[PDB]
Each structure stands twice: as structure tokens, then as C-alpha cells.
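Asks: Mind the numbering: the sequence shown is residues 3 to 47, 53 to 444 in the deposited numbering, read in order.
The structure follows.
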Amino acid sequence: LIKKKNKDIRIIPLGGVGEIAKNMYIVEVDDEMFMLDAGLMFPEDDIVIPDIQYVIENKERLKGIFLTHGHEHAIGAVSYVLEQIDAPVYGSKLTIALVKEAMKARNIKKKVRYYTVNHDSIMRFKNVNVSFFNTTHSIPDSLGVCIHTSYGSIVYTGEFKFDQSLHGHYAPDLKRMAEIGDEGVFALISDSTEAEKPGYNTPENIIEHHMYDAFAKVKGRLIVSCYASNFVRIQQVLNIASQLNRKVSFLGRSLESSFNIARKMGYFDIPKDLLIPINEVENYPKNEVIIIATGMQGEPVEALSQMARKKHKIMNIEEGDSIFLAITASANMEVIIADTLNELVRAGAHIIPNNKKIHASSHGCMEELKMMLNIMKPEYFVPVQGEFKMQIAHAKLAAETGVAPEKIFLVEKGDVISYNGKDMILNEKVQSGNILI
Ligand SMILES: [Mn+2]
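Printed below as a string of C-alpha cells:
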């Protein structure tokens, strides 16, 4: 609910537009400033982070940092932000955990005010109240942010999907979303990542079923390559390993921090004595182990090339091994997969083929996005989290749902959307850019 009569709204993207990552969206209501996410981008073509010079010059007015989910595209730059500025950090139980770990990992001694929020939390400020709602993503406890103004709600979806099989901390708040919609949404800021792809995602249970049928035929050792970010896909192989009386080992010699924190907080459903350390692998027959190679940048692929070319520090591929790629390939990574496949074949490994009829994504396709648009019914729309072609795609979806085209804004980094109370205008441009580290 609303506090006072507001005058000025400003919306400034410093990251996540005209590119696919580095989420950072500034929202101002009068004299108060809020930062929605603080992602990094893995330089394609270490890391890249947004230019926050605009924020620093107006540091006095930054009331909070709001973090939608635990991925590096949301919270990857937070440590670097907190070095230059002191503001309170708001996020879910899991998101705060992962941020704190990033701070511990960088040996940063700065004292930080962390506020754990949930879909029942309602954070109060001078000009506005902020609420939250659960979304569906590849990681549990993902939140949408709802900034309540006199003009209506400013909603930032974060990254989201709509899957009728995900039903835990992965489940969405369709009633809280419908209520936000009818109370009236002034502005919607939504994920455009798969806005070009017609229809829907393949449901996760369908993907799991096809993985099961594939893995059940494997007579030898099985190695699965995954993104560490994709908690669902990891949960899926744990389920399958258990039903096939196989045991699971990650690449060594300890367990991946994100996975291991979430595991210790009870986010994974793991039976007893299912994980064996990589040091205990040799003891078991080849057909009783599933090895999972996780990573972030695209190492998941690199690791298999190093396992094929003998040449892995820990463990190498043997003839009769089965390989499965439980990832979704960026066009930048299509060639290195084809090299790796060749080397896998030479080393005499069986390639479990991906079903081409399956579409796996953390992000909603056209119909999923239209779903959020139909629910929200925003007056103004700002498609983000995509390149220019993706933003356009999302805009056409919005126009179809009945948002006025005059009220849809396609913006670049540093663009400033202002609302006087009469007209919404793109009238300014501020300092923005890419800081490589
Ligand atoms: Mn994500």
C-alpha cells in the first residue's frame, strides 16, 4: 500500500539492456533511489561490472539494494558496489547467504546491513513501501520487487518462468501477482531473454523424464555437464541417480560453494549416502556412478575437453563412458561444443544425444512473458534483460496484450525515463559503461 502523494519517478538501466546479463536497474521516487539487482557479465566474444558513477554522485539518496535471486547475473557485482558505497542489502534467505559468501570469499571486512525478506515482508521508506512476490526460476527463493507509488506499482520481475511442474520454493505467487495487477501497476520491468522464442518452455518434469530414459540405458560410467546456476537440473540428476541405484560425485576435491550452502540450508532433496567424494569414485563399479561437471563460464564444456584429451588434473575419460550435456548452448559456445564432441568421440565415449524437440530455459518464452503481462496490466512497459532485437520482441508481445505503444520504452544503458505526472519522457542520459576486472 501507498504512503504519500509522489511527484517524480525516474528509471535508469546501468546494466542488462542491449546485452544478456549484468542486471542493474535504478528506480527513483522523488528524492529516494533504489537499485534493483547488481549482476556481472562474463566477458564473452574474469568479469565485467556496471559503471555506478551516477549512483556514487547521488550516494546520499540510495535507500537500498534489492536482489531478486542467487545467480551471478543478479548479485555478481554486489561486493564491488559495497566497497564504494554503504547501503542496506535486501534479499531472500538464499540470496543473502550467497552474497555473504561472496564477501567472505573476497576477504572484505566491511560491515554490511543485511535484511532477509520474504513474500510477506513489507519494507518501509520515506516516499514508498516495497513488497515482494515469489517467481519461478532455475534457482529457488527468487523474488519480484514491487515498489508502491501513488501513481501505481513499479514492478520488476527479475528473471522468471511459468512451469506447471515446479511446485516448491520454485512455485510462483499467482494470487499475490493477480492482486498487484488489480491494485494497478504503473510500470513493469520484465525479462526479455527468450522473447523471440514462440510458445512455451518444455515443462521441467518432461525434461527429467527424457533424461531418466536416457540414463537408464547407460551400461557404463555416466558424466553429466551442468551449469552450477541450474539448481533444478542438478536436483533432477540427484533424483534419477537415486532411482537407478547410482551414486553421485561432483568434480573435486570439495563441493561447489553455491550448491553446498543451499544444500546445508535444506534446499536440495538428497537421500542418505548418495554423494560420494571424487576421491572415493574408483572403488565403485563404472555403472554405479554419475559424475557431474558443473561450472559457470563455459568450463563445463572445457572440463570434458580436458578429460578427453587425457589432461585433467583430477579424473579423465575412459573408453565406454557416456556423456550428457544438460546445458543450453549460446551461439558463442556452439563451436567449442563441436570440438569437444569430436575429442569425446576419439577418446571413445558415447554421446547421449539431446532431444531437439525439447526447449530448456530459465526464462519464459513468448507465451510465458504474455502471461506476466496479462496478469500485471501495466500502464507503462520497459522490456529489459535482452539485446535490442529481444527488447523489440518483448515490446510486440506487450502491444498484443493491450499496452499502448506510445507507453512502451526501449532504452539503452544510461537512458533516463522520467514521469512528471503528465508525460513519461526520455529526456536525459547519465553516465554508464563496462568495467572489466
Ligand atoms: Mn537467472
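Even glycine gets a Cβ: it sits at the ideal position worked out from N, Cα and C.
1) For the putative contact between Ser329 and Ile359, defined by C-beta atoms under 8 Å, what is the C-beta separation to the nearest angstrom?
2) Suppose contacts are defined by Cβ-Cβ distances below 8 Å. Is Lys107 in contact with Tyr97 by that definition?
3) Is the region 409-429 in contact with the region 376-388, if contact means three or more CB pairs nearer than 8 Å?
4) At what residue ranges does the region 214-276 contain a whole run of the alpha helix (DSSP H), taking only runs of 4 or more?
5) Considering only their Cβ atoms, is the gap separating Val239 from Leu281 smaller than 8 Å?
6) Tell me whether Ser145 counts as near ligand 1, meaning its Cβ is closer than 7 Å to at least one heavy atom of that ligand.
7) Could you tell me which of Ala269, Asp189, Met322, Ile187 sits nearest to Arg228, measuring between CA atoms?
8) Is it right to say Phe73 is buried, meaning 16 or more other beta carbons lie within 10 angstroms of its own, or is it exposed?
9) Does the contact criterion of 3 or more C-beta pairs under 8 Å hold for the region 173-188 versus the region 135-146?
10) In the DSSP assignment, what residue or residues form a beta bridge with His155?
11) Straight-line CA distance for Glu34 to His357?
12) Assess, as a yes-or-no matter, whether the region 160-175 is touched by the region 73-88 under the definition of 3 or more beta carbon pairs within less than 8 Å.
13) Alpha carbons only, please: which of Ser232, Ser249, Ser145 is nearest the one belonging to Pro210?
14) Given a cut-off of 8 Å on the beta-carbon distance, is the pair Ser197 and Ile4 in contact?
15) Exposed or buried, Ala112, counting other C-beta atoms within 10 Å across all chains shown (16 or more means buried)?
16) Nearer than 7 Å: is that true of the beta carbon of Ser369 relative to any heavy atom of ligand 1?
17) On the premise that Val152 lies in contact with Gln398, defined as a C-beta separation below 8 Å, what is that separation, rounded to the nearest angstrom?
18) Would you call the region 256-270 and the region 367-384 touching, i.e. three or more CB-CB distances under 8 Å?
19) Looking at C-alpha atoms only, which residue of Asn267, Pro278, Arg253, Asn441 is the closest neighbour of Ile297?
20) To the nearest angstrom, how far is it from the Cα of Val437 to the Cα of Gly421?
21) Could you tell me if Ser232 is buried or exposed, where buried requires 16 or more neighbouring beta carbons within 10 angstroms of its beta carbon?
22) Which runs of the beta strand (DSSP E) spanning at least 3 residues fall entirely within the region 381-426, listed in chain order?
23) Would you identify the three-state DSSP class for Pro278, choosing helix, strand or coil?
24) Any idea what DSSP makes of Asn339, helix, strand or coil?
25) DSSP state of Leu105, grouped into three classes?
26) Quick one: is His155 buried, meaning 16 or more other Cβ sit within 10 Å of its Cβ, or exposed?
27) Using a Cβ-Cβ cutoff of less than 6 Å, which residues in the same chain neighbour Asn434 once the five nearest sequence positions on both sides are dropped?
28) Counting C-beta neighbours from all protein chains within 10 Å, is the total for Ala338 16 or more, i.e. buried, or is it exposed?
Replies: Working from what's here:
1) 6 Å
2) no
3) yes
4) 238-250, 264-271
5) no
6) yes
7) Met322
8) buried
9) yes
10) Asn136, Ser160
11) 58 Å
12) yes
13) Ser145
14) no
15) exposed
16) yes
17) Wrong, their Cβ atoms sit about 20 Å apart, outside the cutoff.
18) no
19) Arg253
20) 5 Å
21) buried
22) 385-391, 422-426
23) coil
24) helix
25) helix
26) buried
27) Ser425
28) exposed
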